[PDB]
Every structure is written in C-alpha cells, then in structure tokens.
C-alpha cells in the first residue's frame, strides 16, 4: 500500500511537470536565449516563468510560484542550464527541463509512467475509440479494453515491435498501478480478460497540486 501510494505521488509530479513543459514550449516561454555572447537552447528565464505562473493564475504570488518550481527542480524535472544553482531563484537565470537535454533521471518506474503517458494521449485522440464501456455482472465499467485487443493495438501503433514486447510492457504497467483488471484485482494476462487504466493521464493538473502532501 505505502509503496503504491508513493509511486502515485511520483506519477503526479511526472504528469504535472510534463504538462507544464509542453505548455511552456507552445507559449515560447521555453526557447533559445542569449547570454554573454552564447546561445542557450530550450530554456526559460526563472523570473519570467514566475511572472507567467502568476499571470495564468497558477500561483497567487511570487513566493508560492517559487515553491512550485523548487519542487520541480528537486524532483529532477528541471535544472539550471549549467548545474550552477540547485535553488530556483527569482532572477534572470536560465533553467531547462531535463527531458529537453536528455538528462532526465530514469529508473524502471519512471519509464513505465512515461510509457503510460504516451499511450494514453493516443487513446484520447479523436481517431481512437479502442477504449469502450462494458458491463459485467450488472455493473458498467468505463474505458475498458480486452487484453488481447490492447496488445494487437500496441503492435499496430508501433509502441511495441512484437506481441511479447507488448505483453511485457503491460506487465510493467500492471506492476506499477497504471492499469488494473476490471472489477477484481488480477494480473495482466494476454487473454479475453478486461482491463482499464487506473492512473488518470487525462486530467489537467493544477500546478498548486505540487505542494500536496509528500509530493
């Protein structure tokens, strides 16, 4: 129980950080920037991001905005572009998302959540209606999939090169609480059995959730 809850807290930070990284690229808060005759690619200015967080009503004041970003720095989501400041400071210093320079601190559980995120985005797209409601024993379940059909899809979509690899991915998703069997706890089996996502990758997190307990 405790370990699953801790992983879920980890997943909330990964999802929140990633949702933010994408918005800041689209808004051009992250871009290539000059300082002392050099160009620093894919970075943001700390003081500017604080301005932006307040403008977009993600934080009420600078003090709180800073706590939000310090959390992302502590969690390995962002870092100073030259690794010269562990503190997130409200000044003209440049910081970068670790995904954007290939320095993200990876482990097997992080990898699973990132795969899950990438999968779920596809399952939310207008062209994909694999996830379907199903009823079993007078109870209706939302957004279900048959295990076998989900493996077919993973290979079709290029998320796995083979069915074995697709099955292994699903075992990892199950292990880390990302998917679950419908109705009762059960392992993932390539089969007629029904599963659904347990982790929610759709919801737009409020950045203030980063100050939630044990985040």
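Residue numbers count along the first chain shown, from 1.
Participant: Going by the B-factors listed in the PDB entry, is the mean over the C-alpha atoms higher for 179 to 187 or for 65 to 73?
Facilitator: Looking at the recorded C-alpha B-factors, 179 to 187 comes out higher on average.
Participant: Averaging C-alpha B-factors over each stretch, which comes out higher, 151 to 159 or 54 to 62?
Facilitator: According to the PDB entry, the answer is 54 to 62.
Participant: Can you tell me which of 142, 83, 100, 87 has the highest Cα temperature factor in the record?
Facilitator: That would be 142.
Participant: Which one of 47, 164, 38, 31 shows the biggest C-alpha B-factor in the PDB entry?
Facilitator: Going by the entry's C-alpha B-factors, 164 comes out highest.
Participant: Considering only modelled residues of the same chain, in which third does the CA B-factor of residue 205 rank: lowest, middle or highest?
Facilitator: Its C-alpha B-factor belongs to the middle third of this chain's values.
Participant: Per the entry's values, where does residue 115 land by CA temperature factor relative to the rest of its chain, in the lowest, middle or highest third?
Facilitator: Ranked within chain, residue 115 CA B lands in the middle tercile.
Participant: Where does the C-alpha B-factor of residue 124 rank in its chain, lowest, middle or highest third?
Facilitator: According to the entry, residue 124 has a C-alpha B-factor in the chain's highest third.
Participant: Would you mind checking where the Cα B-factor of residue 198 ranks among the modelled residues of its chain, as the lowest, middle or highest third?
Facilitator: For residue 198, whose C-alpha B-factor we compare with every modelled residue in the chain, the answer is the highest third.
Participant: Which third, lowest, middle or highest, does the CA B-factor of residue 106 fall in along this chain?
Facilitator: Tercile = highest for this residue's CA B-factor.
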